[PDB]
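Reproduced below: model14.pdb, with PDB, C-alpha atoms and all ligand atoms.
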ATOM      1  CA  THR D   3     -67.777  -7.454  33.408
ATOM      2  CA  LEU D   4     -64.703  -9.299  32.037
ATOM      3  CA  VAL D   5     -62.359 -10.406  34.848
ATOM      4  CA  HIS D   6     -58.968 -12.093  34.470
ATOM      5  CA  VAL D   7     -57.850 -13.804  37.660
ATOM      6  CA  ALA D   8     -54.171 -14.685  37.910
ATOM      7  CA  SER D   9     -53.754 -18.465  38.157
ATOM      8  CA  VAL D  10     -50.273 -19.722  39.050
ATOM      9  CA  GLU D  11     -48.936 -22.323  36.601
ATOM     10  CA  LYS D  12     -49.667 -25.516  38.500
ATOM     11  CA  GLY D  13     -46.971 -26.485  41.004
ATOM     12  CA  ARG D  14     -44.617 -23.635  40.104
ATOM     13  CA  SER D  15     -42.856 -21.305  42.500
ATOM     14  CA  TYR D  16     -40.254 -18.533  42.494
ATOM     15  CA  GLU D  17     -37.359 -20.865  41.725
ATOM     16  CA  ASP D  18     -39.059 -22.170  38.559
ATOM     17  CA  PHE D  19     -39.497 -18.627  37.262
ATOM     18  CA  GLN D  20     -35.933 -17.671  38.198
ATOM     19  CA  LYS D  21     -34.834 -20.501  35.876
ATOM     20  CA  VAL D  22     -36.849 -18.957  33.024
ATOM     21  CA  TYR D  23     -35.345 -15.534  33.807
ATOM     22  CA  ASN D  24     -31.870 -17.114  33.750
ATOM     23  CA  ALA D  25     -32.452 -18.744  30.360
ATOM     24  CA  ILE D  26     -33.594 -15.422  28.885
ATOM     25  CA  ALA D  27     -30.618 -13.669  30.483
ATOM     26  CA  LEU D  28     -28.093 -16.238  29.207
ATOM     27  CA  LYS D  29     -29.457 -15.959  25.677
ATOM     28  CA  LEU D  30     -29.340 -12.140  25.908
ATOM     29  CA  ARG D  31     -25.655 -12.453  26.772
ATOM     30  CA  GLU D  32     -25.014 -14.886  23.897
ATOM     31  CA  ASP D  33     -26.899 -13.076  21.098
ATOM     32  CA  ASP D  34     -24.883  -9.902  21.280
ATOM     33  CA  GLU D  35     -24.642  -9.241  17.490
ATOM     34  CA  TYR D  36     -28.331  -8.532  16.939
ATOM     35  CA  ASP D  37     -29.181  -5.105  15.520
ATOM     36  CA  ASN D  38     -25.560  -4.074  14.941
ATOM     37  CA  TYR D  39     -24.468  -5.116  18.429
ATOM     38  CA  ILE D  40     -27.283  -3.527  20.405
ATOM     39  CA  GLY D  41     -28.474  -7.011  21.405
ATOM     40  CA  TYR D  42     -32.029  -8.167  22.094
ATOM     41  CA  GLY D  43     -32.605  -6.242  25.340
ATOM     42  CA  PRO D  44     -34.462  -3.268  23.833
ATOM     43  CA  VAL D  45     -36.735  -5.282  21.539
ATOM     44  CA  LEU D  46     -37.732  -7.540  24.482
ATOM     45  CA  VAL D  47     -38.695  -4.466  26.518
ATOM     46  CA  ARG D  48     -40.748  -3.168  23.584
ATOM     47  CA  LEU D  49     -42.433  -6.567  23.176
ATOM     48  CA  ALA D  50     -43.455  -6.647  26.850
ATOM     49  CA  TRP D  51     -44.909  -3.150  26.459
ATOM     50  CA  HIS D  52     -46.794  -3.817  23.193
ATOM     51  CA  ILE D  53     -48.428  -6.997  24.491
ATOM     52  CA  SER D  54     -49.583  -4.987  27.541
ATOM     53  CA  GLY D  55     -50.483  -1.737  25.807
ATOM     54  CA  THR D  56     -53.468  -3.167  23.898
ATOM     55  CA  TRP D  57     -55.395  -2.979  27.191
ATOM     56  CA  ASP D  58     -58.553  -0.923  27.413
ATOM     57  CA  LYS D  59     -59.394  -0.032  31.021
ATOM     58  CA  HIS D  60     -63.074   0.501  30.159
ATOM     59  CA  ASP D  61     -63.923  -3.121  29.233
ATOM     60  CA  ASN D  62     -60.769  -5.106  30.165
ATOM     61  CA  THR D  63     -60.105  -6.160  26.568
ATOM     62  CA  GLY D  64     -56.522  -6.648  25.430
ATOM     63  CA  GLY D  65     -53.699  -6.571  27.960
ATOM     64  CA  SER D  66     -50.905  -9.020  28.779
ATOM     65  CA  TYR D  67     -53.027 -11.700  30.421
ATOM     66  CA  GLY D  68     -54.135 -13.703  27.395
ATOM     67  CA  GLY D  69     -50.841 -13.983  25.544
ATOM     68  CA  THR D  70     -52.662 -13.065  22.343
ATOM     69  CA  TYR D  71     -49.591 -11.713  20.518
ATOM     70  CA  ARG D  72     -49.069 -15.373  19.490
ATOM     71  CA  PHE D  73     -52.024 -14.997  17.086
ATOM     72  CA  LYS D  74     -51.514 -13.594  13.611
ATOM     73  CA  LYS D  75     -53.939 -10.670  13.865
ATOM     74  CA  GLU D  76     -51.824  -9.201  16.662
ATOM     75  CA  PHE D  77     -48.384 -10.464  15.489
ATOM     76  CA  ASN D  78     -49.088  -8.767  12.117
ATOM     77  CA  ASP D  79     -50.256  -5.447  13.598
ATOM     78  CA  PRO D  80     -48.298  -2.765  11.693
ATOM     79  CA  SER D  81     -47.650  -1.194  15.134
ATOM     80  CA  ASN D  82     -45.772  -4.376  16.095
ATOM     81  CA  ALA D  83     -43.418  -4.435  13.095
ATOM     82  CA  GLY D  84     -40.026  -5.689  14.282
ATOM     83  CA  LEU D  85     -41.295  -7.447  17.408
ATOM     84  CA  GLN D  86     -41.163 -10.762  15.588
ATOM     85  CA  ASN D  87     -37.440 -10.666  16.372
ATOM     86  CA  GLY D  88     -38.250 -10.704  20.090
ATOM     87  CA  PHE D  89     -40.795 -13.499  19.646
ATOM     88  CA  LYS D  90     -38.223 -15.611  17.777
ATOM     89  CA  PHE D  91     -35.685 -15.001  20.554
ATOM     90  CA  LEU D  92     -38.180 -16.274  23.138
ATOM     91  CA  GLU D  93     -39.143 -19.398  21.146
ATOM     92  CA  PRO D  94     -36.280 -21.626  22.412
ATOM     93  CA  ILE D  95     -37.013 -20.367  25.935
ATOM     94  CA  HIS D  96     -40.635 -21.456  25.666
ATOM     95  CA  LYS D  97     -39.455 -24.842  24.324
ATOM     96  CA  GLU D  98     -37.214 -25.293  27.373
ATOM     97  CA  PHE D  99     -40.042 -24.253  29.737
ATOM     98  CA  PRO D 100     -43.294 -25.270  28.021
ATOM     99  CA  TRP D 101     -45.247 -24.930  31.255
ATOM    100  CA  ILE D 102     -45.057 -21.109  31.316
ATOM    101  CA  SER D 103     -47.934 -19.140  29.774
ATOM    102  CA  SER D 104     -47.302 -16.897  26.777
ATOM    103  CA  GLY D 105     -48.232 -13.698  28.607
ATOM    104  CA  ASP D 106     -45.964 -14.637  31.528
ATOM    105  CA  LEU D 107     -43.101 -15.337  29.095
ATOM    106  CA  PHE D 108     -43.491 -12.107  27.061
ATOM    107  CA  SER D 109     -43.778  -9.922  30.160
ATOM    108  CA  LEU D 110     -40.917 -11.712  31.945
ATOM    109  CA  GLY D 111     -38.745 -11.106  28.879
ATOM    110  CA  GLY D 112     -39.118  -7.358  29.384
ATOM    111  CA  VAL D 113     -38.357  -7.551  33.121
ATOM    112  CA  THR D 114     -35.296  -9.713  32.454
ATOM    113  CA  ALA D 115     -34.023  -7.325  29.795
ATOM    114  CA  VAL D 116     -34.337  -4.235  32.000
ATOM    115  CA  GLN D 117     -32.508  -5.905  34.882
ATOM    116  CA  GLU D 118     -29.760  -7.455  32.747
ATOM    117  CA  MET D 119     -29.179  -4.044  31.151
ATOM    118  CA  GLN D 120     -28.381  -2.734  34.685
ATOM    119  CA  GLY D 121     -31.789  -1.179  35.216
ATOM    120  CA  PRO D 122     -33.887  -1.265  38.379
ATOM    121  CA  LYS D 123     -35.349  -4.412  39.825
ATOM    122  CA  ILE D 124     -38.896  -4.806  38.507
ATOM    123  CA  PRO D 125     -41.155  -6.976  40.712
ATOM    124  CA  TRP D 126     -43.023  -9.472  38.555
ATOM    125  CA  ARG D 127     -46.053 -11.662  39.186
ATOM    126  CA  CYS D 128     -46.981 -14.919  37.483
ATOM    127  CA  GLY D 129     -50.386 -16.256  36.543
ATOM    128  CA  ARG D 130     -51.357 -14.884  33.141
ATOM    129  CA  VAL D 131     -53.404 -17.580  31.344
ATOM    130  CA  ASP D 132     -53.470 -18.079  27.575
ATOM    131  CA  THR D 133     -56.872 -17.180  26.065
ATOM    132  CA  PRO D 134     -58.209 -18.209  22.624
ATOM    133  CA  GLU D 135     -57.716 -16.554  19.249
ATOM    134  CA  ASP D 136     -61.079 -14.772  19.323
ATOM    135  CA  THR D 137     -59.916 -12.744  22.382
ATOM    136  CA  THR D 138     -57.118 -11.126  20.361
ATOM    137  CA  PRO D 139     -57.606  -7.338  20.294
ATOM    138  CA  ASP D 140     -57.971  -5.620  16.930
ATOM    139  CA  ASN D 141     -55.101  -3.565  15.584
ATOM    140  CA  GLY D 142     -54.978   0.158  16.292
ATOM    141  CA  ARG D 143     -54.739   0.245  20.089
ATOM    142  CA  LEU D 144     -51.003   1.067  20.209
ATOM    143  CA  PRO D 145     -49.893   4.698  19.903
ATOM    144  CA  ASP D 146     -48.856   6.825  16.931
ATOM    145  CA  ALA D 147     -45.497   8.640  17.155
ATOM    146  CA  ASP D 148     -46.311  11.656  14.971
ATOM    147  CA  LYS D 149     -48.510  13.337  17.587
ATOM    148  CA  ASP D 150     -48.289  15.888  20.394
ATOM    149  CA  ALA D 151     -48.435  15.889  24.218
ATOM    150  CA  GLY D 152     -52.232  16.056  24.362
ATOM    151  CA  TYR D 153     -52.414  12.906  22.269
ATOM    152  CA  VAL D 154     -49.883  11.145  24.530
ATOM    153  CA  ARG D 155     -51.794  12.101  27.695
ATOM    154  CA  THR D 156     -55.127  10.958  26.261
ATOM    155  CA  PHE D 157     -53.660   7.731  24.927
ATOM    156  CA  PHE D 158     -52.081   6.735  28.220
ATOM    157  CA  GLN D 159     -55.248   7.446  30.167
ATOM    158  CA  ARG D 160     -56.745   4.380  28.405
ATOM    159  CA  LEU D 161     -54.019   2.417  30.281
ATOM    160  CA  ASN D 162     -54.805   4.201  33.561
ATOM    161  CA  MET D 163     -51.431   6.015  33.473
ATOM    162  CA  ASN D 164     -50.943   9.573  34.768
ATOM    163  CA  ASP D 165     -48.361  12.196  33.840
ATOM    164  CA  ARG D 166     -45.578  10.856  36.087
ATOM    165  CA  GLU D 167     -46.151   7.300  34.862
ATOM    166  CA  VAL D 168     -46.112   8.438  31.237
ATOM    167  CA  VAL D 169     -42.874  10.368  31.538
ATOM    168  CA  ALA D 170     -41.245   7.533  33.513
ATOM    169  CA  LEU D 171     -42.305   4.851  31.033
ATOM    170  CA  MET D 172     -41.053   6.868  28.057
ATOM    171  CA  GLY D 173     -37.559   6.754  29.553
ATOM    172  CA  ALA D 174     -37.330   3.253  28.108
ATOM    173  CA  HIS D 175     -36.616   5.066  24.812
ATOM    174  CA  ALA D 176     -33.030   5.408  26.036
ATOM    175  CA  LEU D 177     -32.861   1.823  24.753
ATOM    176  CA  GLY D 178     -32.499   0.589  21.217
ATOM    177  CA  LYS D 179     -33.394   2.718  18.239
ATOM    178  CA  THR D 180     -35.996   3.520  15.652
ATOM    179  CA  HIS D 181     -35.666   1.578  12.401
ATOM    180  CA  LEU D 182     -36.985   3.145   9.202
ATOM    181  CA  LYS D 183     -38.357  -0.135   7.789
ATOM    182  CA  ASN D 184     -40.308  -0.883  10.989
ATOM    183  CA  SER D 185     -41.851   2.463  11.952
ATOM    184  CA  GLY D 186     -40.855   5.132   9.426
ATOM    185  CA  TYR D 187     -38.414   6.692  11.912
ATOM    186  CA  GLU D 188     -34.629   6.230  12.014
ATOM    187  CA  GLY D 189     -31.927   6.561  14.656
ATOM    188  CA  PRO D 190     -30.907   6.003  18.270
ATOM    189  CA  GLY D 191     -31.635   8.522  21.041
ATOM    190  CA  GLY D 192     -28.170   8.498  22.576
ATOM    191  CA  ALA D 193     -24.857   6.688  22.971
ATOM    192  CA  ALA D 194     -25.980   4.377  25.822
ATOM    193  CA  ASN D 195     -28.732   2.386  24.177
ATOM    194  CA  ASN D 196     -28.265  -1.096  25.664
ATOM    195  CA  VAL D 197     -27.669  -0.004  29.244
ATOM    196  CA  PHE D 198     -30.688   1.279  31.199
ATOM    197  CA  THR D 199     -30.085   4.864  32.413
ATOM    198  CA  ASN D 200     -31.806   8.269  32.544
ATOM    199  CA  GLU D 201     -30.144   9.270  29.242
ATOM    200  CA  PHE D 202     -33.487   9.909  27.513
ATOM    201  CA  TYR D 203     -34.183  12.862  29.792
ATOM    202  CA  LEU D 204     -30.625  14.203  29.748
ATOM    203  CA  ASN D 205     -30.532  14.132  25.951
ATOM    204  CA  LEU D 206     -33.975  15.693  25.599
ATOM    205  CA  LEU D 207     -32.778  18.662  27.675
ATOM    206  CA  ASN D 208     -29.115  18.955  26.646
ATOM    207  CA  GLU D 209     -28.965  18.251  22.891
ATOM    208  CA  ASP D 210     -29.639  20.852  20.212
ATOM    209  CA  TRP D 211     -32.583  19.308  18.358
ATOM    210  CA  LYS D 212     -33.480  20.249  14.786
ATOM    211  CA  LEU D 213     -36.793  19.318  13.174
ATOM    212  CA  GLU D 214     -36.149  17.453   9.895
ATOM    213  CA  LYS D 215     -37.882  15.073   7.542
ATOM    214  CA  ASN D 216     -36.406  11.572   7.342
ATOM    215  CA  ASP D 217     -36.076   9.239   4.331
ATOM    216  CA  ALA D 218     -39.691   8.054   4.852
ATOM    217  CA  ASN D 219     -40.907  11.685   4.624
ATOM    218  CA  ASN D 220     -41.800  11.828   8.352
ATOM    219  CA  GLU D 221     -40.782  14.602  10.706
ATOM    220  CA  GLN D 222     -38.404  13.806  13.567
ATOM    221  CA  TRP D 223     -36.022  15.788  15.788
ATOM    222  CA  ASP D 224     -32.319  15.222  15.073
ATOM    223  CA  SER D 225     -29.129  16.284  16.844
ATOM    224  CA  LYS D 226     -25.630  16.919  15.448
ATOM    225  CA  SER D 227     -24.486  14.018  17.639
ATOM    226  CA  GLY D 228     -26.485  11.636  15.444
ATOM    227  CA  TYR D 229     -29.409  11.125  17.852
ATOM    228  CA  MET D 230     -33.141  11.465  17.273
ATOM    229  CA  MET D 231     -36.375  12.022  19.131
ATOM    230  CA  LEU D 232     -39.842  11.090  17.903
ATOM    231  CA  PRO D 233     -42.442  13.861  17.883
ATOM    232  CA  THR D 234     -44.045  12.102  20.873
ATOM    233  CA  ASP D 235     -40.650  12.006  22.654
ATOM    234  CA  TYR D 236     -40.130  15.726  22.017
ATOM    235  CA  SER D 237     -43.668  16.472  23.262
ATOM    236  CA  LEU D 238     -42.435  15.728  26.777
ATOM    237  CA  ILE D 239     -40.402  18.972  26.768
ATOM    238  CA  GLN D 240     -43.148  20.958  24.995
ATOM    239  CA  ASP D 241     -45.868  20.332  27.608
ATOM    240  CA  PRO D 242     -45.113  22.242  30.835
ATOM    241  CA  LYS D 243     -46.273  19.423  33.145
ATOM    242  CA  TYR D 244     -44.235  16.797  31.325
ATOM    243  CA  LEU D 245     -41.198  19.109  31.152
ATOM    244  CA  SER D 246     -41.126  19.468  34.940
ATOM    245  CA  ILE D 247     -40.954  15.684  35.335
ATOM    246  CA  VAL D 248     -38.347  15.286  32.575
ATOM    247  CA  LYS D 249     -36.104  17.721  34.516
ATOM    248  CA  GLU D 250     -36.667  15.722  37.704
ATOM    249  CA  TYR D 251     -35.532  12.458  36.116
ATOM    250  CA  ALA D 252     -32.633  14.102  34.257
ATOM    251  CA  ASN D 253     -31.407  15.311  37.668
ATOM    252  CA  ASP D 254     -32.075  12.089  39.606
ATOM    253  CA  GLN D 255     -31.650   8.655  38.034
ATOM    254  CA  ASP D 256     -32.574   6.908  41.300
ATOM    255  CA  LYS D 257     -36.012   8.563  41.259
ATOM    256  CA  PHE D 258     -36.472   7.657  37.594
ATOM    257  CA  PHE D 259     -35.586   4.029  38.377
ATOM    258  CA  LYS D 260     -38.077   3.872  41.261
ATOM    259  CA  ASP D 261     -40.904   5.409  39.223
ATOM    260  CA  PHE D 262     -40.138   3.362  36.107
ATOM    261  CA  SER D 263     -40.125   0.122  38.068
ATOM    262  CA  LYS D 264     -43.578   0.871  39.532
ATOM    263  CA  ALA D 265     -45.071   2.054  36.253
ATOM    264  CA  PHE D 266     -43.676  -0.867  34.240
ATOM    265  CA  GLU D 267     -44.975  -3.435  36.713
ATOM    266  CA  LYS D 268     -48.373  -1.689  36.615
ATOM    267  CA  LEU D 269     -48.338  -1.697  32.809
ATOM    268  CA  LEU D 270     -47.565  -5.428  32.702
ATOM    269  CA  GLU D 271     -50.299  -6.180  35.266
ATOM    270  CA  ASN D 272     -53.116  -4.004  33.929
ATOM    271  CA  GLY D 273     -56.299  -6.044  33.563
ATOM    272  CA  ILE D 274     -55.230  -8.796  35.966
ATOM    273  CA  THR D 275     -56.825  -9.455  39.346
ATOM    274  CA  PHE D 276     -54.397 -11.061  41.791
ATOM    275  CA  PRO D 277     -56.285 -13.074  44.426
ATOM    276  CA  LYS D 278     -55.351 -12.573  48.098
ATOM    277  CA  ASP D 279     -53.556 -15.921  48.444
ATOM    278  CA  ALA D 280     -51.491 -15.166  45.329
ATOM    279  CA  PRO D 281     -47.739 -15.237  45.857
ATOM    280  CA  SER D 282     -46.120 -11.895  46.595
ATOM    281  CA  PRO D 283     -44.388 -10.329  43.572
ATOM    282  CA  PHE D 284     -41.112 -11.996  42.658
ATOM    283  CA  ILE D 285     -37.832 -10.085  42.488
ATOM    284  CA  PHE D 286     -35.456 -12.087  40.332
ATOM    285  CA  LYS D 287     -31.743 -12.134  40.908
ATOM    286  CA  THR D 288     -29.594 -11.066  37.967
ATOM    287  CA  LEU D 289     -27.120 -13.518  36.515
ATOM    288  CA  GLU D 290     -24.389 -11.436  38.164
ATOM    289  CA  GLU D 291     -26.064 -11.781  41.597
ATOM    290  CA  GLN D 292     -26.106 -15.572  41.158
ATOM    291  CA  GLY D 293     -22.534 -15.902  39.826
ATOM    292  CA  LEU D 294     -23.819 -17.218  36.487
TER     293      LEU D 294
HETATM  294  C1  LIG G   1     -46.463   7.447  23.112
HETATM  295  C2  LIG G   1     -45.992   6.221  23.372
HETATM  296  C3  LIG G   1     -44.929   5.537  22.505
HETATM  297  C4  LIG G   1     -44.695   5.663  21.186
HETATM  298  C5  LIG G   1     -45.437   6.534  20.165
HETATM  299  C6  LIG G   1     -43.591   4.806  20.845
HETATM  300  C7  LIG G   1     -43.045   4.659  19.589
HETATM  301  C8  LIG G   1     -41.934   3.904  19.287
HETATM  302  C9  LIG G   1     -41.354   3.776  17.975
HETATM  303  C10 LIG G   1     -41.938   4.431  16.714
HETATM  304  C11 LIG G   1     -40.289   2.966  18.089
HETATM  305  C12 LIG G   1     -39.345   2.469  16.978
HETATM  306  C13 LIG G   1     -39.748   1.061  16.520
HETATM  307  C14 LIG G   1     -38.810   0.588  15.442
HETATM  308  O1  LIG G   1     -38.652   1.343  14.445
HETATM  309  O2  LIG G   1     -38.204  -0.506  15.578
HETATM  310  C15 LIG G   1     -40.165   2.586  19.477
HETATM  311  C16 LIG G   1     -39.173   1.795  19.975
HETATM  312  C17 LIG G   1     -39.079   1.394  21.282
HETATM  313  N1  LIG G   1     -40.054   1.565  22.207
HETATM  314 FE1  LIG G   1     -41.540   2.954  22.169
HETATM  315  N2  LIG G   1     -43.146   4.189  21.980
HETATM  316  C18 LIG G   1     -43.965   4.583  23.024
HETATM  317  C19 LIG G   1     -43.885   4.145  24.326
HETATM  318  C20 LIG G   1     -43.022   3.180  24.791
HETATM  319  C21 LIG G   1     -43.074   2.587  26.107
HETATM  320  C22 LIG G   1     -44.150   2.904  27.156
HETATM  321  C23 LIG G   1     -42.069   1.701  26.209
HETATM  322  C24 LIG G   1     -41.692   0.772  27.370
HETATM  323  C25 LIG G   1     -41.727   1.123  28.652
HETATM  324  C26 LIG G   1     -41.360   1.719  24.954
HETATM  325  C27 LIG G   1     -40.238   1.004  24.666
HETATM  326  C28 LIG G   1     -39.575   1.023  23.467
HETATM  327  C29 LIG G   1     -38.298   0.410  23.238
HETATM  328  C30 LIG G   1     -37.446  -0.303  24.264
HETATM  329  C31 LIG G   1     -37.959   0.659  21.808
HETATM  330  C32 LIG G   1     -36.686   0.202  21.089
HETATM  331  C33 LIG G   1     -36.956  -1.095  20.312
HETATM  332  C34 LIG G   1     -35.784  -1.583  19.486
HETATM  333  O3  LIG G   1     -34.690  -0.983  19.542
HETATM  334  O4  LIG G   1     -35.985  -2.587  18.746
HETATM  335  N3  LIG G   1     -41.996   2.592  24.104
HETATM  336  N4  LIG G   1     -41.203   3.155  20.172
END

Please go through the file and, once you have read it, give me the structure as structure tokens.
Ligand code: HEM
Amino acid sequence: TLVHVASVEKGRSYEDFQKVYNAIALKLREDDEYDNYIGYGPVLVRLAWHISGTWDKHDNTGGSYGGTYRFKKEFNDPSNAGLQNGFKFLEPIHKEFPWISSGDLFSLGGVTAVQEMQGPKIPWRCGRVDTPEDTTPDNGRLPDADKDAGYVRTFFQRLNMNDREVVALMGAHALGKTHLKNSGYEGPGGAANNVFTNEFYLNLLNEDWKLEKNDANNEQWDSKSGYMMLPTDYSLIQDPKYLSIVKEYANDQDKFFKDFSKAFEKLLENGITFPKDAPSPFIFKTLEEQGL
């Protein structure tokens, strides 16, 4: 069995990590022009997810622990096209705080982004430890977007996620947009794409979606409002079990926030064993809460 035990960066405590959070948050505020004024929040959330979503529950390969996205096999995964922008954003942060591990930095970037975009608090734990280049997972473990609900359910079971966790996590697609050159899909999902809300679910249910091909010859669902849904997004209103949960979150943002926060922490921690004397999870203050 392959076990990864969280090991706190030597001598570091909550306050040290809050300083890293603050540096990420200050740079997020500064770099507001990125991606036609969306800012870096969405791509940092996607980075935190993609470095975690290589995990395989069966043998504990992949996952956030090892920080392996720093190695070219993983950095160059076609599934990760565009994430280099997030890595480049985090580079000056890592320079300022060289003591933090890569997996801790990448995952903390996603937590910081969600919170600074007015999302829920996401508890976060330190202690991911960089592992060598030969531990980098092969490409092909991240999901395809052209597929249906059965594919989504099966995929997420590899990450030990159930229906509620899947539907909650997908709500992150309120953020950012698809970019044709990255993924072969184009467009935002709504008007509020750098503030964290339940808009994904509302737009899934309330827009009039039309199936179209895009300029890369791929099918996607488009609305007159200029929004889009991936086939895997749209699958959440095709499957009866997913549809029930989509309606729940469309009706109740507080419940979505609570479930997202739990699922996202779980995603970022998959594969990691936290020893009993490990610090409790940290809840970082936003810049606003600190007067910064
Ligand atoms: C079935 C699972 C999923 C599929 C197929 C999928 C697919 C995609 C695709 C194709 C894009 C567009 C990339 C680009 O063109 O730049 C995207 C963007 C994004 N994904 Fe997902 N995704 C999935 C799950 C998730 C999850 C679980 C999260 C996080 C909780 C997430 C967060 C995001 C974010 C924030 C963006 C916007 C990035 C940006 O604007 O640069 N995705 N996803």

Which of D:123, D:130, D:155, D:181 sits closest to residue D:107 [using only C-alpha atoms] =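 Using only C-alpha atoms, residue D:107 sits closest to D:130.
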
What residues have any atom no more than 6 Å from ligand LIG 1 (chain G) when counting all atoms listed in the file, and can you list them as a PyMOL selection string?
-> chain D and resi 44-45+47-48+51+84+145-147+154+171-172+174-175+177-182+184-185+187+234

Residue subset to file, keeping C-alpha atoms, as a JSON list (two decimals), in the frame of the given file:
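The resulting file, out_34.json, is reproduced below:
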[["chain", "number", "residue", "atom", "x", "y", "z"],
["D", 44, "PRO", "CA", -34.46, -3.27, 23.83],
["D", 45, "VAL", "CA", -36.74, -5.28, 21.54],
["D", 47, "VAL", "CA", -38.70, -4.47, 26.52],
["D", 48, "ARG", "CA", -40.75, -3.17, 23.58],
["D", 51, "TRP", "CA", -44.91, -3.15, 26.46],
["D", 84, "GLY", "CA", -40.03, -5.69, 14.28],
["D", 145, "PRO", "CA", -49.89, 4.70, 19.90],
["D", 146, "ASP", "CA", -48.86, 6.82, 16.93],
["D", 147, "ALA", "CA", -45.50, 8.64, 17.16],
["D", 154, "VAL", "CA", -49.88, 11.14, 24.53],
["D", 171, "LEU", "CA", -42.30, 4.85, 31.03],
["D", 172, "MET", "CA", -41.05, 6.87, 28.06],
["D", 174, "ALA", "CA", -37.33, 3.25, 28.11],
["D", 175, "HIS", "CA", -36.62, 5.07, 24.81],
["D", 177, "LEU", "CA", -32.86, 1.82, 24.75],
["D", 178, "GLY", "CA", -32.50, 0.59, 21.22],
["D", 179, "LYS", "CA", -33.39, 2.72, 18.24],
["D", 180, "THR", "CA", -36.00, 3.52, 15.65],
["D", 181, "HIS", "CA", -35.67, 1.58, 12.40],
["D", 182, "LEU", "CA", -36.98, 3.14, 9.20],
["D", 184, "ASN", "CA", -40.31, -0.88, 10.99],
["D", 185, "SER", "CA", -41.85, 2.46, 11.95],
["D", 187, "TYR", "CA", -38.41, 6.69, 11.91],
["D", 234, "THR", "CA", -44.04, 12.10, 20.87]]

Of the candidates D:233, D:65, D:125, D:186, which shows the shortest atom-to-atom distance to residue D:112, using only C-alpha atoms?
->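 Selected residue with least distance to residue D:112: D:125.
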
Ground truth for the PyMOL selection byres (((chain D and resi 72) around 10) and not hetatm), written as a VMD selection string = chain D and resid 53 68 to 71 73 to 78 86 89 104 to 105 108 132 135 138

Could you write those residues out with C-alpha atoms, as a compact mmCIF listing (two decimals), keeping the file's coordinate frame?
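Listed below is the output, again.txt:
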# COMPACT_ATOMS: atom_id res chain seq x y z
CA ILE D 53 -48.43 -7.00 24.49
CA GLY D 68 -54.14 -13.70 27.40
CA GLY D 69 -50.84 -13.98 25.54
CA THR D 70 -52.66 -13.06 22.34
CA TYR D 71 -49.59 -11.71 20.52
CA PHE D 73 -52.02 -15.00 17.09
CA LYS D 74 -51.51 -13.59 13.61
CA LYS D 75 -53.94 -10.67 13.86
CA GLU D 76 -51.82 -9.20 16.66
CA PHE D 77 -48.38 -10.46 15.49
CA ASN D 78 -49.09 -8.77 12.12
CA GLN D 86 -41.16 -10.76 15.59
CA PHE D 89 -40.80 -13.50 19.65
CA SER D 104 -47.30 -16.90 26.78
CA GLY D 105 -48.23 -13.70 28.61
CA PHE D 108 -43.49 -12.11 27.06
CA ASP D 132 -53.47 -18.08 27.58
CA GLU D 135 -57.72 -16.55 19.25
CA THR D 138 -57.12 -11.13 20.36

Who sits within 10 Å of residue D:151, all atoms listed in the file, same chain under 4 positions skipped, as a list in words | residues 155, 156, 157, 233, 234, 235, 236, 237, 238, 239, 240, 241, 242, 243 and 244 of chain D

Using the chain letters and numbers from the file, give me the residues hit by the PyMOL selection byres (((chain D and resi 200-214) around 8) and not hetatm), as a PyMOL selection string.
-> chain D and resi 173-176+191-192+194+198-199+215-216+221-226+230-231+236+239+248-249+251-252+255+258

I need the residues from that last selection saved to file as an mmCIF file, in the coordinates of the input (with C-alpha atoms), if you can.
data_model
loop_
_atom_site.group_PDB
_atom_site.id
_atom_site.type_symbol
_atom_site.label_atom_id
_atom_site.label_comp_id
_atom_site.auth_asym_id
_atom_site.auth_seq_id
_atom_site.Cartn_x
_atom_site.Cartn_y
_atom_site.Cartn_z
ATOM 1 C CA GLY D 173 -37.559 6.754 29.553
ATOM 2 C CA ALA D 174 -37.330 3.253 28.108
ATOM 3 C CA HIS D 175 -36.616 5.066 24.812
ATOM 4 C CA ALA D 176 -33.030 5.408 26.036
ATOM 5 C CA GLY D 191 -31.635 8.522 21.041
ATOM 6 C CA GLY D 192 -28.170 8.498 22.576
ATOM 7 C CA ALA D 194 -25.980 4.377 25.822
ATOM 8 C CA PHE D 198 -30.688 1.279 31.199
ATOM 9 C CA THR D 199 -30.085 4.864 32.413
ATOM 10 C CA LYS D 215 -37.882 15.073 7.542
ATOM 11 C CA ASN D 216 -36.406 11.572 7.342
ATOM 12 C CA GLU D 221 -40.782 14.602 10.706
ATOM 13 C CA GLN D 222 -38.404 13.806 13.567
ATOM 14 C CA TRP D 223 -36.022 15.788 15.788
ATOM 15 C CA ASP D 224 -32.319 15.222 15.073
ATOM 16 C CA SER D 225 -29.129 16.284 16.844
ATOM 17 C CA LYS D 226 -25.630 16.919 15.448
ATOM 18 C CA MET D 230 -33.141 11.465 17.273
ATOM 19 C CA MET D 231 -36.375 12.022 19.131
ATOM 20 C CA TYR D 236 -40.130 15.726 22.017
ATOM 21 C CA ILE D 239 -40.402 18.972 26.768
ATOM 22 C CA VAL D 248 -38.347 15.286 32.575
ATOM 23 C CA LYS D 249 -36.104 17.721 34.516
ATOM 24 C CA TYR D 251 -35.532 12.458 36.116
ATOM 25 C CA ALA D 252 -32.633 14.102 34.257
ATOM 26 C CA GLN D 255 -31.650 8.655 38.034
ATOM 27 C CA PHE D 258 -36.472 7.657 37.594
#

Can you list, as a PyMOL selection string, the residues that the PyMOL selection byres (((chain D and resi 95-97) around 12) and not hetatm) selects here?
-> chain D and resi 19+21-30+88-94+98-108+110-111
